[PDB]
Structure formats: C-alpha cells, structure tokens
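Both blocks below hold the same protein chain, though in two forms, and each is given as structure tokens: structure 1 and structure 2.
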Structure 1
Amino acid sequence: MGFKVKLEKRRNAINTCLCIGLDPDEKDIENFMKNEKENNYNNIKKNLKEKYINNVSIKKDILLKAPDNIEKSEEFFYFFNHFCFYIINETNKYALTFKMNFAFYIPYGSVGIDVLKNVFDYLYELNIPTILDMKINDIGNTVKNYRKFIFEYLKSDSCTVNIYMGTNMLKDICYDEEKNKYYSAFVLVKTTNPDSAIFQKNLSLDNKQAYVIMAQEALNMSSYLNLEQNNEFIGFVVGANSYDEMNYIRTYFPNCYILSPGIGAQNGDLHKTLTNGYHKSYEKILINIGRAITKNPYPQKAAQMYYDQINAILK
C-alpha cells in the first residue's frame, strides 16, 4: 500500500520505470469524438466492456450509457472521460505509474474534476500507482485542503509540490496527524522550461545553487516525519534536459526518488545521463512522457516503443 512498496511490487510485475502522462487538452477531446462518432464509437465500446469501469463514482449512470447525446449537457463530460479511459486501457500494461496534471482538468469547471476523480478511481481499482502533478503551495492552514483533496478524495499515491514558499509545507502535505497516514511527494528541483532557472540556478547560498539548497531542505524534511519507513518518501522533479544537474542529485542523494519529465515532446534524449545520470533500481527514476504517447495517432504502440527503448538498460 505504501508508495515505496506499491511502486516496488509493480516494478517487478512489469519492470520499466515509465510514467505515462495523461494531460488531455481541448483538442484531444474533440478529435477523439470527431472521429469516434463517425466510427460507431468503437473505442468507447471497447472501454464499456472493460469491467473495472465500475469503481468510477461520478455520473456512473451517464458514463456507462451506450454512445448517445440528446448533444446533451453531458456530451462533453462523456468522451472527455472516455478519452482518458481509452488511453489507460491501452497503455497501462507498459506503465509503472500514471501522472495526471490537475491543470488540464479545471479550465471547463467542475465537469473536469468529475472526470479527474473517475480517472483516479479507475487507476485505483487496477492497482496502478498515481501522481497528481499539481505542484501545490500555500500556508499550513490552507495546504491542508490540498492534502485532503489529493490523498483523501482522489486516493492518489503522491503529488508534486513547489516548496519555494517554505519547506514546512511538507509536514502538512505528507503527514496527517488527525489520522496518522503518511503520503509521498515530489518537490520541484529543476524544471523543464528554457528560462527555467534564473532562480533554480542564478540564485545560491554560499555558492551552492538554489535547486540544491531546495533539494537538500526537502530531504531533511522527510527525515523528520520519518516518511522513508511508513513506506512513503519525498523526491524531486528533475527535468529531462537538465543533464548536468540530474547527475549530481543522483550522486549526493543516491537512494533518492526522481520524477523526470521532458522526453518525447518538449524535445528530449531518452539516453544520455537522464536514464543514465540518475540510474538506480529504475523505479527511483520515473520517466514521464505525455503528449508523445497521448497525441500519437495510435498509442499503446508508442507506449510499447518507449517501454522497449527504455528497457534498453546497458547497465
């Protein structure tokens, strides 16, 4: 159940340290519909056969109601949801973990959160580890709501956090006193955008860069609260492009957990001190590929490809 261990069993059961990213945007949804409606809803039908589609708890009465609209108020809700069910049913067998970015589930209103819950409900019935990338941040009082929403409502296994506002965040995010329970988190160390770090790098304390002070601070916080046992942990978000830095964290923080995005789209080099710099028992270095798989004409295949070339561990 604990992350470390849930992530350990599944690693064996399938190897690979791939993390499929499920960030469906507005066009992913209209295309899946545009050419699903004009194909007799074959994929949605394939889904509807699944079975595990029954933990899902929001508008179950609409979700499992054979392909139809009227275009009813629930049209959009339908399809969006199914597009997600579709990807999962065809990619999970290659995934060690699924990572959903909250951001894409909120621009249309509550309808998108409903879907988020059904997705997390789904990934949860299959026993697939999850990551809600929302990189939360706020004051202890407030942060407590993100901890509830994330680990209590969605039953997620972990989530990303931005501790710039202060590292004590984690004590309210990774630990719930009222009921004990410990959770896992991923702190933002080095991100994947070009103007990336004139902060994570140009900034420093005694000439030790900011992403190191931050990386070090985050770890000393998981020492207190003793996550490591309890079967949880606090890891880092280190971009695929940040080759130099990746190799440094893996050396100074050798048994650490890493979540690295940026490959497949966002430009990338799977190999190269990425899956090498950061190597370890692979599940300690999750590679995330979203669009490269989710935007490809016929995925699973893409998945498989990544699985395979990721399975190329000459180590």
Structure 2
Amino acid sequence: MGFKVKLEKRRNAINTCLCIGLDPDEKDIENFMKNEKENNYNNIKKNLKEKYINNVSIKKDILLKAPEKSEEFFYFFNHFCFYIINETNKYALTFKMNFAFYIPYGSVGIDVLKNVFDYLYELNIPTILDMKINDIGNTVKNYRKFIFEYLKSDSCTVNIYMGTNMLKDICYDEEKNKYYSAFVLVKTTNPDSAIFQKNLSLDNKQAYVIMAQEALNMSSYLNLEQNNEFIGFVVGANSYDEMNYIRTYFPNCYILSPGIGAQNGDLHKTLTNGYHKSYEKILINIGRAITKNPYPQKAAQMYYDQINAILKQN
C-alpha cells in the first residue's frame, strides 16, 4: 500500500516504535546449534509449528526436516533467524537486517536472507535492509532490484556521499512506475564520524545538515510522499544534539536511530529528542542487546515497555 501507510497501521496495532535488528554472527549460529542439540531442538520444533515457515521459497525441504551434512550450517542459521522473529516479533514495529552479516559465507547466507524477508513479508511486518548502498545511477539499479524486487523489502539505507542523484535510481523505477523508501546516512554512531559529518561545512552549516537538506530536495523531486514513500534519516542514538536539530529543523521527517544497547546509549534522551506524535518516525533499533540475550522474548518486552513509558511521558 506504501511504506508510510504500512508503518502507520502497525503502529496503531502494537503501539511502539521498537525496531528489532537481526544481525546474526558466526558465534550466534554455533551457540544456537549447540543449545538446540543439548535441549532437544525445543526452539526448532516450535519453528516448524509456525504457519509461515511452509511459505519460504528456498530449500523448504531441508528447512522442515527434523534433525545432508553440508546443509547443516544453512539449517541452523536459517532456524536461528526464525527463532528470533518467532520469539520477538510481537514487540517489533519494524525488523532491520544488516546485509553484511548475510554475505560473509557466500551464497548460502543470501538464501537465508531471502527466506528471512519472505518470512517477515508473510507476517506483514515492515522491513529495513541495512545495506548502505552507494554507486553511480546505472549500477545502483542492481541494488534496487535486489532490495525491492527480490527481497521485497519495504526500505533500505543509503550513503549519498557520492551524490544525491543516486536516489532517483533507488527510490524510483520509471519502467514499473514504482516508488520506494530509503534512509540516508546523516549522523552515524561511529566514534569518529564527526571528521566528515561535523567538521566539513558549506555556508557555515555542518555536512550532516546539508546532506539531510539535499536528501529532502530529492524526495520532493521524485514525489515520494505523494506515493506514500519517503526518504528518511539515519541518526545515531548517541548524537543527542544533532537529533533535536533534525526534528526541529525538519519536522515530520522519518528517523532511523541505531546505537541503543550494544553501543551503550540512554534511551530516554534519544526518544524524547527524536519524538514525534507519529512515533513511527523515530524508530529505535535494538539488535545485539536482544539477539544475543539468553531469553530474547524477555529482552524484547523489556525494551518494548521502556519505549512505551517514554512515549507516554511525551
């Protein structure tokens, strides 16, 4: 229907802006495999009872077999992702998945990535692919096809330092007359992100302000928000004094904020600075704090309740 409408519907459904990050590393997979075998696959057996696992399109036969040795890594990697989604999805307004974690093993991880997006799409849960794509317009069309046609993602992240015009070939497809949403990197959770995003300037404005400004110019040029799509901003949770300014200077803009949890922020200051009455425009991404926690559903609910309490106090 459009990412804007889809986000706004689900926010009424579950009343949160929590964005769960699903970034499984190699140690998450082996710990999951060892724990399932020592506990008689209690989580995997629960996955196979879930409805939508019968609708994934890649190696469905292998995935539904009860515990083909070369497929062992594919099996537990994919089932670990189902486990996290099954355990925590009721608290998630959005799921964000970083492309880097699904490529380091070659094609096998892309098949897992495809199944994860198929799974979330049948749950009708909004998705974000954190791929931070950037290239010339001819080349970036390949990224658009992978993100929005193959995976059927709702959105992705973009690094427009090479030029804002790349958004014309990411957020718009003239041949299908289709519109897509994206989050451009504005201020990032790197400790040394300032050297370029702060200390560079044009007309006594810091680079992140000018980059956010240029991003919205492209958004209006492509008429995304008339098609219920948008171009948003990635603003790190630790950047409290740029967050305010983004919300103040650009009201009604969508912000994706990572850095709470594994990178050690303060949730109240982040959410209040980026707050908006439509709080789907202030997505709080929490990944490793949930996915590496021993009781993931318990962890998701903890951050779910904390976010709602800070919303009420707004």
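Sequence positions of structure 1, starting at 1, serve as the residue numbers. If you superpose the two forms and keep the largest set of C-alpha atoms that fall within 1.5 Å, you have the rigid core. Shifts are known only where both forms have a C-alpha.
Comparing the two forms between the two structures on the rigid core, the single residue of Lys280, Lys60, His271, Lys45 with a CA shift of 2 Å or greater is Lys280. If you overlay the core, the Cα of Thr294 moves by 0.3 Å between the two structures. At a threshold of 2 Å in C-alpha displacement, with the core superposed and only residues shared by both forms counted, the segments of at least 3 consecutive residues that shift between the two structures are, in sequence order, 273 to 280, 313 to 315.
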